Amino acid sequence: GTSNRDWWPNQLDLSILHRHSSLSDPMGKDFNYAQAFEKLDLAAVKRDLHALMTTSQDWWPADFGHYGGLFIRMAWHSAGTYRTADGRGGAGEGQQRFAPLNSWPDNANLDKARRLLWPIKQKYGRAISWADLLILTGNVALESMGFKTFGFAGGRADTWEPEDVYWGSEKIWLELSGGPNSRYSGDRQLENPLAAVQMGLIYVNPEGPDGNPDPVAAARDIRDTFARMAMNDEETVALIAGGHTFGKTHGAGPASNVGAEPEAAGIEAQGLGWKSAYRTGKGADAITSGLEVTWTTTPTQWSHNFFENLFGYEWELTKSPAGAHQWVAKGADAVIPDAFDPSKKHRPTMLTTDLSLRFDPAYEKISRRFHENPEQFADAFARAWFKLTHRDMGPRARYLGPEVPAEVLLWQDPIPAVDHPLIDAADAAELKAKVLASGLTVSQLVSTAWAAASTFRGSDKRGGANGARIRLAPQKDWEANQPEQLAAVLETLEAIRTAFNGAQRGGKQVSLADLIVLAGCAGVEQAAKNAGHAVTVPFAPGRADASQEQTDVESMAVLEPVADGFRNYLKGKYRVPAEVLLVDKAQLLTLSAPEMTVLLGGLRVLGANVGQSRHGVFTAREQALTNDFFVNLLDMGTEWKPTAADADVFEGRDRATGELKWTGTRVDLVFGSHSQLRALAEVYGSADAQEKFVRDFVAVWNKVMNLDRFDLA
């Protein structure tokens, strides 16, 4: 059946802004997962998971009689899709059970692991999400095998359809680098926002780069991809050595034995995939990755035998039964148990990527230190496993249940607790008037509050106006934030704050985070007043001001809005058209297409553009909240042409006279070109729409202001 995507494959795709609607959700509109989780008997779920670890099912017999290894890998791949660049991927939505992740080659036989969990998911129902359960099961695996975890937070609500993520452009699973859709260019530079070396892998190729079994080269890919998943060298070594203390790989016969991945398998497979014709197709005969490595002499118990083996032997390049490159310990005795036959034993083996931990010079120091101090290894692995499995959950306010660790970690972008009375509605009105009386403009007020609140991304729930991080490095120096203007606005607001706070009793005070948002609300109010409307913009206090020492500058860097269509901003030239980057930012902001549309049209006429650019400012009453963007954009009396100097800027001229009326970017003009966006523009550009436009703009403004307010959830 030929589709619009087939006819016009480069047209902008708005369906990404309309996923996760109430139509696709089987739970009531009123369902609150946090409330269901809060009543879960978490102890009883853990006792069940513990029993399951050693209760082998004959359809997928447990290696060594213990599923622990399998379930650790399951949870690490659930979490391991995360990219710091956009915050997409990770464990937080349980997307491993949907396409395409459920069928990535790196996720082979994780369908079996998930199916093993059905009885427990069925028993506890809506009270534990598949997303929380994947992670919990990993924790319980570790605990069952003698490793004490750092803690666990529930709260990851289930989703009900595939997330829209750019995972790369390749058309062939696992394609080696350098093809027509290469994710690499230059000196092995991985394109943002990717965080894996090949389509369908979690991070790196366990044989080595593009299959070349060079541990030193593999180390470079490990470091690059893990950094792109927000992990540093110490965390990376801890995670890899920690994980590969347990279990085994599977490659007992040729890969050509393995049938279709789950999304391609026949209906009778009932959601399972990779059915194998090799011998029994399971257990002793299992084929998953193609590698056949078992790392320790006790694969079902925590130990320090991974680093003892790594450093205590020299290693030889060999091949698994499926032909994969892997390494075996030279001259070793048969000390590694067999997963099914008590009478056989094997020499220690390793992946190329495991050898990277010894042969990269910077990893070798860390590995040596962990080998000498197994307690340091254990502590680092515990902390890294928590970060890995929680890095996409957002603020600590979202963390549920009795196992939440009390320690506040830098990567959580922590916000201090509020310890004073909050401002009330009269206070808010007084503050808005003082803000407006200072001389700050509508344009300044809206721009500042937009800049502060629009760092939020729903992908990992990082960013937003909470914390007043706009006043700190690095946000205060981002070009999009206009650092000099920003500093002068912040200084005026801080004088207002000081004056207000010094007049109070009873310890009532207002944070700068709250005042930034409130001041933006006053700007929008005044803009509405300038257009003849009396409205109150809602405002909820309770944000707090975070310190520079609570703000990791390097991890903040990924929030810099190098494209922000809502401010008509592009930091450089990108191979993705600007309208696609608009819709990308809108999705991160959790906006629908109507919300995106109203919001952009308003922000243009309020003066929010970076550098005071006139592009898209289609009004003669700047700083009044009107629908002039849409009415002027849609006027057929104007003809548009790309400029000679820059094909991405357009001149709008009177058709009759040739007089220059406006200029606009691709971001501006897409609203009068794309057939779905133009239909939305037409609603807000009709003669009956000025009141609707004001009310919808206020609503969407308030939504943006509150994106990170999980304290009010």
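All residue numbers refer to positions in the sequence shown, first residue = 1.
May I ask you to compare 98 to 106 and 490 to 498 by their mean CA B factor in the entry and name the higher one?
So the stretch with the higher mean C-alpha B-factor is 490 to 498.
Return whichever of 699 to 707 and 7 to 15 has the greater mean Cα B factor according to the PDB record.
Comparing 699 to 707 with 7 to 15, the higher average CA B-factor belongs to 7 to 15.
Of the residues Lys434, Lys461, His77, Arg543, the one carrying the largest Cα B-factor as recorded
Highest CA B-factor of the listed options: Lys434.
Comparing recorded Cα B-factors across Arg183, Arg88, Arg604, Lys585, which one is largest?
Of the candidates given, the C-alpha B-factor peaks at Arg183.
Lowest, middle or highest third: which one holds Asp646 when the chain's residues are ordered by CA B-factor from the entry?
CA B-factor rank for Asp646: highest third.
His674, C-alpha B-factor rank within chain (lowest, middle or highest third)
Within its chain, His674 is a lowest-third residue by C-alpha B-factor, going by the deposited values.
Hey, what third does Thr665 fall into on Cα B-factor, ranked over its chain?
Middle third by C-alpha B-factor.
Could you place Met393 in the lowest, middle or highest third of its chain by Cα temperature factor, using the values in the record?
Answer is highest: the recorded C-alpha B-factor places it there.
If you rank the chain by CA B-factor, which third does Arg457 end up in: lowest, middle or highest?
Bottom third by C-alpha B-factor.
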